[PDB]
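S.K.: Just protein-v4.csv, nothing more (CSV, N, CA, C and O atoms):
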```
chain,number,residue,atom,x,y,z
A,1,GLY,N,127.8,63.3,26.4
A,1,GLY,CA,128.7,63.3,25.2
A,1,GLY,C,130.1,63.8,25.5
A,1,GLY,O,131.0,63.3,24.7
A,2,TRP,N,130.4,64.7,26.4
A,2,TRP,CA,131.6,65.4,26.5
A,2,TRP,C,131.8,66.1,25.2
A,2,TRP,O,132.8,65.9,24.5
A,3,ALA,N,130.8,66.9,24.8
A,3,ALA,CA,130.8,67.5,23.5
A,3,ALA,C,132.1,68.4,23.2
A,3,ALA,O,132.6,69.0,24.1
A,4,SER,N,132.5,68.3,22.0
A,4,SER,CA,133.7,69.1,21.6
A,4,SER,C,133.2,70.5,21.1
A,4,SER,O,132.0,70.9,21.3
A,5,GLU,N,134.1,71.3,20.6
A,5,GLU,CA,133.7,72.7,20.2
A,5,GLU,C,133.0,72.6,18.9
A,5,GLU,O,132.0,73.4,18.7
A,6,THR,N,133.5,71.8,17.9
A,6,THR,CA,133.0,71.7,16.6
A,6,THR,C,132.8,70.3,16.3
A,6,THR,O,133.7,69.6,15.7
A,7,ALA,N,131.6,69.7,16.7
A,7,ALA,CA,131.4,68.3,16.6
A,7,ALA,C,130.1,67.9,16.0
A,7,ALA,O,129.9,66.7,15.6
A,8,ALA,N,129.1,68.8,15.8
A,8,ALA,CA,127.8,68.5,15.3
A,8,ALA,C,127.1,67.4,16.2
A,8,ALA,O,127.0,66.2,15.8
A,9,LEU,N,126.8,67.8,17.4
A,9,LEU,CA,126.2,66.9,18.4
A,9,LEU,C,125.0,66.1,17.8
A,9,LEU,O,124.1,66.7,17.3
A,10,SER,N,125.1,64.8,17.9
A,10,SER,CA,124.0,63.9,17.4
A,10,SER,C,123.1,63.4,18.6
A,10,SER,O,123.3,63.9,19.7
A,11,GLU,N,122.2,62.5,18.2
A,11,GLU,CA,121.3,62.1,19.2
A,11,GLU,C,122.0,61.3,20.4
A,11,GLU,O,123.0,60.7,20.2
A,12,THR,N,121.4,61.4,21.6
A,12,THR,CA,121.8,60.7,22.7
A,12,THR,C,120.7,59.8,23.2
A,12,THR,O,119.5,60.0,22.8
A,13,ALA,N,121.0,58.8,24.1
A,13,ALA,CA,120.1,57.9,24.6
A,13,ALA,C,119.0,58.5,25.4
A,13,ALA,O,119.1,59.7,25.7
A,14,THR,N,118.0,57.7,25.8
A,14,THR,CA,116.9,58.2,26.5
A,14,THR,C,116.6,57.1,27.5
A,14,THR,O,116.6,55.9,27.1
A,15,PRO,N,116.3,57.4,28.8
A,15,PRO,CA,116.0,56.3,29.7
A,15,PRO,C,114.7,55.6,29.4
A,15,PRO,O,113.7,56.3,29.2
A,16,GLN,N,114.7,54.3,29.4
A,16,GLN,CA,113.4,53.6,29.1
A,16,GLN,C,112.7,53.4,30.5
A,16,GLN,O,113.2,53.5,31.5
A,17,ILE,N,111.4,53.2,30.3
A,17,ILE,CA,110.4,53.2,31.4
A,17,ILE,C,109.8,51.9,31.6
A,17,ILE,O,109.4,51.2,30.6
A,18,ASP,N,109.7,51.4,32.9
A,18,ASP,CA,109.0,50.2,33.2
A,18,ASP,C,107.9,50.5,34.2
A,18,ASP,O,108.2,51.3,35.2
A,19,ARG,N,106.7,50.0,34.0
A,19,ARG,CA,105.6,50.2,34.9
A,19,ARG,C,105.3,48.9,35.7
A,19,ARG,O,105.2,47.8,35.1
A,20,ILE,N,105.2,49.0,37.0
A,20,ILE,CA,105.0,47.9,37.9
A,20,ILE,C,103.6,48.0,38.5
A,20,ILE,O,103.3,49.1,39.1
A,21,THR,N,102.8,47.0,38.5
A,21,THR,CA,101.4,47.0,39.0
A,21,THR,C,101.4,46.4,40.4
A,21,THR,O,102.1,45.4,40.6
A,22,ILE,N,100.6,47.0,41.3
A,22,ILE,CA,100.5,46.6,42.6
A,22,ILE,C,99.0,46.2,42.8
A,22,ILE,O,98.2,47.1,43.2
A,23,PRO,N,98.6,45.0,42.7
A,23,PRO,CA,97.2,44.6,42.6
A,23,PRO,C,96.4,45.0,43.7
A,23,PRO,O,95.1,45.1,43.6
A,24,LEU,N,97.0,45.4,44.9
A,24,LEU,CA,96.2,45.9,46.0
A,24,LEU,C,95.1,45.0,46.5
A,24,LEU,O,93.9,45.2,46.3
A,25,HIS,N,95.5,43.8,47.0
A,25,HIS,CA,94.5,42.8,47.5
A,25,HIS,C,93.9,43.3,48.8
A,25,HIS,O,94.2,44.4,49.3
A,26,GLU,N,93.1,42.4,49.4
A,26,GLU,CA,92.5,42.7,50.7
A,26,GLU,C,92.7,41.6,51.6
A,26,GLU,O,93.0,40.4,51.3
A,27,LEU,N,92.5,41.9,52.9
A,27,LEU,CA,92.8,41.0,54.0
A,27,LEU,C,91.6,41.0,55.0
A,27,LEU,O,91.3,42.0,55.6
A,28,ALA,N,90.9,39.9,55.2
A,28,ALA,CA,89.7,39.8,55.9
A,28,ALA,C,89.7,39.0,57.1
A,28,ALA,O,90.3,37.9,57.1
A,29,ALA,N,89.1,39.5,58.2
A,29,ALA,CA,89.0,38.8,59.4
A,29,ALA,C,87.5,38.9,59.9
A,29,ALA,O,86.9,40.0,59.7
A,30,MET,N,86.9,37.8,60.3
A,30,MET,CA,85.5,37.8,60.7
A,30,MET,C,85.4,37.1,62.1
A,30,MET,O,85.2,35.9,62.1
A,31,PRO,N,85.6,37.8,63.2
A,31,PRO,CA,85.4,37.2,64.5
A,31,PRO,C,83.9,37.2,64.9
A,31,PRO,O,83.2,38.1,64.4
A,32,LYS,N,83.5,36.3,65.7
A,32,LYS,CA,82.1,36.2,66.1
A,32,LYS,C,82.0,36.4,67.6
A,32,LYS,O,82.7,35.6,68.4
A,33,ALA,N,81.3,37.3,68.1
A,33,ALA,CA,81.0,37.6,69.5
A,33,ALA,C,79.6,37.4,69.8
A,33,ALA,O,78.7,37.7,69.0
A,34,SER,N,79.3,36.9,71.0
A,34,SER,CA,77.9,36.8,71.4
A,34,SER,C,77.3,38.1,71.9
A,34,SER,O,78.0,38.9,72.5
A,35,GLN,N,76.1,38.4,71.5
A,35,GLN,CA,75.5,39.6,71.9
A,35,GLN,C,75.3,39.8,73.4
A,35,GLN,O,75.3,40.9,73.9
A,36,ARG,N,75.2,38.6,74.1
A,36,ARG,CA,75.1,38.6,75.5
A,36,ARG,C,76.4,39.1,76.1
A,36,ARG,O,76.4,39.8,77.2
A,37,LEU,N,77.5,38.8,75.5
A,37,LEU,CA,78.8,39.2,76.0
A,37,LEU,C,79.0,40.7,75.8
A,37,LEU,O,79.6,41.4,76.7
A,38,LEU,N,78.6,41.2,74.7
A,38,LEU,CA,78.9,42.6,74.4
A,38,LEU,C,78.1,43.6,75.3
A,38,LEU,O,78.4,44.8,75.3
A,39,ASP,N,77.1,43.1,76.0
A,39,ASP,CA,76.4,43.9,76.9
A,39,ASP,C,76.8,43.8,78.4
A,39,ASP,O,76.4,44.6,79.2
A,40,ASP,N,77.5,42.7,78.7
A,40,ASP,CA,77.7,42.3,80.1
A,40,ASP,C,79.2,42.4,80.5
A,40,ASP,O,79.5,41.8,81.6
A,41,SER,N,80.0,43.0,79.8
A,41,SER,CA,81.5,42.7,79.8
A,41,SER,C,82.3,44.0,79.8
A,41,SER,O,83.1,44.2,78.9
A,42,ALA,N,82.1,44.8,80.8
A,42,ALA,CA,82.4,46.3,80.8
A,42,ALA,C,83.6,46.7,79.9
A,42,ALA,O,83.6,47.9,79.5
A,43,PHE,N,84.6,45.9,79.7
A,43,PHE,CA,85.6,46.2,78.7
A,43,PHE,C,84.9,46.4,77.3
A,43,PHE,O,84.1,45.6,76.9
A,44,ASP,N,85.3,47.5,76.6
A,44,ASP,CA,84.7,47.7,75.3
A,44,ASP,C,85.2,46.6,74.4
A,44,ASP,O,86.3,46.6,74.0
A,45,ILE,N,84.3,45.6,74.1
A,45,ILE,CA,84.7,44.5,73.3
A,45,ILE,C,84.6,44.9,71.8
A,45,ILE,O,85.3,44.4,71.0
A,46,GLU,N,83.7,45.9,71.5
A,46,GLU,CA,83.6,46.4,70.1
A,46,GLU,C,85.0,46.9,69.7
A,46,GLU,O,85.6,46.5,68.7
A,47,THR,N,85.6,47.8,70.5
A,47,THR,CA,86.9,48.4,70.1
A,47,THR,C,88.0,47.5,70.4
A,47,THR,O,89.1,47.8,69.9
A,48,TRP,N,87.9,46.5,71.2
A,48,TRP,CA,89.0,45.6,71.5
A,48,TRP,C,89.3,44.7,70.3
A,48,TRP,O,90.4,44.4,70.0
B,1,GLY,N,26.2,34.8,40.5
B,1,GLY,CA,25.3,35.5,41.5
B,1,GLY,C,25.8,35.3,42.9
B,1,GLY,O,25.1,35.7,43.8
B,2,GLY,N,27.0,34.7,43.1
B,2,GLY,CA,27.6,34.5,44.4
B,2,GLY,C,28.9,35.1,44.5
B,2,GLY,O,29.4,35.2,45.7
B,3,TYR,N,29.5,35.6,43.4
B,3,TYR,CA,30.7,36.4,43.4
B,3,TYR,C,30.4,37.8,43.9
B,3,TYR,O,31.3,38.6,43.9
B,4,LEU,N,29.2,38.1,44.3
B,4,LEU,CA,28.8,39.4,44.7
B,4,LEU,C,28.7,39.6,46.2
B,4,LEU,O,28.5,40.8,46.6
B,5,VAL,N,28.9,38.6,47.0
B,5,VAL,CA,28.5,38.6,48.4
B,5,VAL,C,29.6,38.2,49.4
B,5,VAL,O,29.3,37.6,50.4
B,6,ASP,N,30.8,38.6,49.1
B,6,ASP,CA,31.9,38.2,49.9
B,6,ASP,C,31.6,38.5,51.4
B,6,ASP,O,31.0,39.5,51.8
B,7,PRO,N,32.1,37.6,52.3
B,7,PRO,CA,31.8,37.8,53.8
B,7,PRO,C,32.5,39.0,54.4
B,7,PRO,O,33.2,39.7,53.7
B,8,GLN,N,32.2,39.2,55.7
B,8,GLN,CA,32.8,40.3,56.4
B,8,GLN,C,33.7,39.8,57.5
B,8,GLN,O,33.2,39.0,58.4
B,9,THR,N,35.0,40.2,57.6
B,9,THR,CA,35.9,39.7,58.5
B,9,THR,C,36.0,40.6,59.7
B,9,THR,O,35.6,41.8,59.6
B,10,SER,N,36.5,40.1,60.8
B,10,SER,CA,36.6,40.9,62.0
B,10,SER,C,37.7,42.0,61.9
B,10,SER,O,38.6,41.9,61.0
B,11,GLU,N,37.6,43.0,62.7
B,11,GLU,CA,38.6,44.1,62.6
B,11,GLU,C,40.0,43.7,63.0
B,11,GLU,O,40.9,44.2,62.5
B,12,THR,N,40.1,42.9,64.1
B,12,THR,CA,41.4,42.4,64.5
B,12,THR,C,41.3,40.9,64.8
B,12,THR,O,40.2,40.4,65.2
B,13,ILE,N,42.4,40.2,64.6
B,13,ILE,CA,42.4,38.8,64.9
B,13,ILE,C,42.6,38.6,66.4
B,13,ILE,O,43.5,39.1,67.0
B,14,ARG,N,41.6,37.9,67.0
B,14,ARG,CA,41.6,37.7,68.4
B,14,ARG,C,42.2,36.4,68.8
B,14,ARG,O,42.3,35.5,68.0
B,15,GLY,N,42.6,36.3,70.1
B,15,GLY,CA,43.2,35.1,70.6
B,15,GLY,C,42.6,34.7,72.0
B,15,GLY,O,41.8,35.4,72.6
B,16,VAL,N,43.0,33.5,72.4
B,16,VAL,CA,42.6,33.0,73.7
B,16,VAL,C,43.2,33.8,74.8
B,16,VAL,O,44.4,34.1,74.8
B,17,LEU,N,42.5,34.2,75.8
B,17,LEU,CA,43.0,35.0,76.9
B,17,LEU,C,43.6,34.1,77.9
B,17,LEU,O,43.0,33.1,78.4
B,18,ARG,N,44.9,34.4,78.2
B,18,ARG,CA,45.6,33.6,79.2
B,18,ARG,C,46.0,34.4,80.4
B,18,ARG,O,46.1,35.6,80.3
B,19,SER,N,46.0,33.7,81.6
B,19,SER,CA,46.2,34.4,82.8
B,19,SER,C,47.5,35.2,82.8
B,19,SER,O,48.5,34.7,82.2
B,20,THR,N,47.6,36.3,83.6
B,20,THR,CA,48.8,37.1,83.6
B,20,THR,C,49.3,37.3,85.0
B,20,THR,O,50.1,38.2,85.3
B,21,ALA,N,48.9,36.4,85.9
B,21,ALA,CA,49.5,36.4,87.3
B,21,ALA,C,50.9,35.7,87.2
B,21,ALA,O,51.0,34.5,86.8
B,22,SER,N,51.9,36.4,87.6
B,22,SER,CA,53.3,36.1,87.2
B,22,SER,C,54.2,35.8,88.3
B,22,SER,O,55.3,35.3,88.0
B,23,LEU,N,53.9,36.1,89.5
B,23,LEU,CA,54.8,36.1,90.7
B,23,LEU,C,55.9,37.2,90.5
B,23,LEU,O,56.6,37.4,91.5
B,24,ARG,N,55.9,37.9,89.4
B,24,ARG,CA,56.6,39.1,89.3
B,24,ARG,C,56.0,40.2,90.1
B,24,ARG,O,56.7,41.2,90.5
B,25,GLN,N,54.7,40.1,90.4
B,25,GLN,CA,54.0,41.2,91.1
B,25,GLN,C,54.4,41.2,92.6
B,25,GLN,O,54.4,42.3,93.2
B,26,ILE,N,54.7,40.0,93.1
B,26,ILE,CA,55.1,40.0,94.6
B,26,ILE,C,56.6,39.9,94.8
B,26,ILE,O,57.1,40.4,95.8
B,27,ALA,N,57.3,39.2,93.9
B,27,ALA,CA,58.7,39.1,94.0
B,27,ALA,C,59.3,40.5,93.7
B,27,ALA,O,58.7,41.5,93.3
B,28,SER,N,60.6,40.6,94.0
B,28,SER,CA,61.4,41.9,93.8
B,28,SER,C,62.2,41.8,92.5
B,28,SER,O,63.0,40.8,92.4
B,29,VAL,N,62.0,42.7,91.6
B,29,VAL,CA,62.8,42.8,90.4
B,29,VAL,C,63.8,43.8,90.6
B,29,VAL,O,63.6,44.8,91.3
B,30,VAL,N,65.0,43.6,90.0
B,30,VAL,CA,66.1,44.6,90.1
B,30,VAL,C,66.7,44.8,88.7
B,30,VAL,O,66.9,43.8,88.0
B,31,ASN,N,66.9,46.1,88.4
B,31,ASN,CA,67.5,46.4,87.1
B,31,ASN,C,69.0,46.2,87.1
B,31,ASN,O,69.7,46.9,87.9
B,32,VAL,N,69.5,45.2,86.4
B,32,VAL,CA,70.9,44.9,86.4
B,32,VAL,C,71.4,44.8,85.0
B,32,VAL,O,70.7,44.2,84.1
B,33,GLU,N,72.5,45.5,84.7
B,33,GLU,CA,73.2,45.4,83.4
B,33,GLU,C,74.5,44.8,83.6
B,33,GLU,O,75.5,45.4,83.8
B,34,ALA,N,74.5,43.4,83.6
B,34,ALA,CA,75.7,42.6,83.8
B,34,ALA,C,75.3,41.2,83.5
B,34,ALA,O,74.2,40.9,83.1
B,35,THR,N,76.3,40.3,83.6
B,35,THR,CA,76.1,38.9,83.2
B,35,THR,C,75.3,38.2,84.3
B,35,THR,O,74.8,37.1,84.0
B,36,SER,N,75.1,38.8,85.4
B,36,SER,CA,74.6,38.0,86.6
B,36,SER,C,74.3,39.0,87.7
B,36,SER,O,74.7,40.2,87.6
B,37,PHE,N,73.7,38.5,88.7
B,37,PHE,CA,73.4,39.3,89.9
B,37,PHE,C,73.7,38.4,91.1
B,37,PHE,O,73.4,37.3,91.2
B,38,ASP,N,74.4,39.0,92.1
B,38,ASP,CA,74.8,38.3,93.3
B,38,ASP,C,74.1,39.0,94.5
B,38,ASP,O,73.8,40.2,94.4
B,39,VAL,N,73.7,38.3,95.5
B,39,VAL,CA,73.2,38.8,96.7
B,39,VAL,C,74.1,38.4,97.8
B,39,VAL,O,74.7,37.3,97.8
B,40,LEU,N,74.2,39.2,98.9
B,40,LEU,CA,75.0,38.8,100.1
B,40,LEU,C,74.0,38.7,101.3
B,40,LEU,O,73.4,39.7,101.6
B,41,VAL,N,74.0,37.5,101.9
B,41,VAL,CA,73.0,37.2,102.9
B,41,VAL,C,73.8,36.9,104.2
B,41,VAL,O,75.0,36.9,104.2
B,42,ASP,N,73.1,36.7,105.3
B,42,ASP,CA,73.6,36.2,106.5
B,42,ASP,C,73.0,34.9,106.9
B,42,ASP,O,71.8,34.9,107.4
B,43,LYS,N,73.7,33.8,106.8
B,43,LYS,CA,73.1,32.5,107.2
B,43,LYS,C,73.2,32.3,108.7
B,43,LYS,O,72.6,31.3,109.1
B,44,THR,N,73.9,33.1,109.4
B,44,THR,CA,74.0,33.0,110.9
B,44,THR,C,73.9,34.3,111.5
B,44,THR,O,73.8,35.3,110.8
B,45,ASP,N,73.9,34.4,112.8
B,45,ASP,CA,73.9,35.7,113.5
B,45,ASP,C,75.0,35.8,114.5
B,45,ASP,O,75.8,34.9,114.6
B,46,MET,N,75.1,36.9,115.2
B,46,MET,CA,76.2,37.2,116.1
B,46,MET,C,76.1,36.3,117.4
B,46,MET,O,75.4,35.4,117.5
B,47,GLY,N,77.0,36.7,118.3
B,47,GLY,CA,76.9,36.1,119.6
B,47,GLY,C,77.0,37.2,120.7
B,47,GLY,O,77.7,38.2,120.5
B,48,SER,N,76.4,37.0,121.8
B,48,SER,CA,76.3,37.9,122.9
B,48,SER,C,76.9,37.2,124.1
B,48,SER,O,76.8,36.0,124.3
```
Write the structure described by the file as structure tokens, please.
M.R.:
Amino acid sequence: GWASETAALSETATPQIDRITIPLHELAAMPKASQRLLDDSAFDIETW
Amino acid sequence: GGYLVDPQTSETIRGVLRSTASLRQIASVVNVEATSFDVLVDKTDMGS
């Protein structure tokens, strides 16, 4: 306002609010490994 | 007068006996945790 000394301050604006939705999807990967490989392949294939 | 006389079944279901001579008894088995097993032989000998 830059209110004066004798002005009878009236209402001032108020910030309006907007809500934004983030649907939070998912992302899927399905690799297939042979069980024979996971036992014979000293590199940890599980964690790789 | 015949609903009273159900037969008697054997305690375990039995099967035909098959031979268990395997050539595993005379051959050499080796405990291997890998994709394969290699042996190193000598197809020739030295010289004198």
S.K.: Please report as a list in words which residues of chain B come no farther than 5 Å from chain A, using only N, CA, C and O atoms.
M.R.: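 Close to chain A, chain B has residues 33, 34 and 35 of chain B.
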S.K.: Atom N of residue A:34 to atom CA of residue A:46: how many Å, to one decimal?
M.R.: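 Computing the Euclidean distance for atom N of residue A:34 and atom CA of residue A:46 yields 10.5 Å.
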S.K.: Could you jot down the atom CA of residue B:41 to atom N of residue B:29 separation for me, Å, one decimal place?
M.R.: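 If I compute the distance from atom CA of residue B:41 to atom N of residue B:29, I get 16.7 Å.
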S.K.: In Å to one decimal, how far is atom N of residue A:45 from atom O of residue A:30?
M.R.: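 Between atom O of residue A:30 and atom N of residue A:45 the gap is 15.5 Å.
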S.K.: Counting all atoms listed in the file, what is within 8 Å of stretch 10-21 of chain A, bar same-chain residues fewer than 3 positions away, as a VMD selection string?
M.R.: chain A and resid 1 7 24
S.K.: Based on DSSP run over this structure's backbone, return all residues of chain A in helix (DSSP H, G or I), as a PyMOL selection string.
M.R.: chain A and resi 35-40
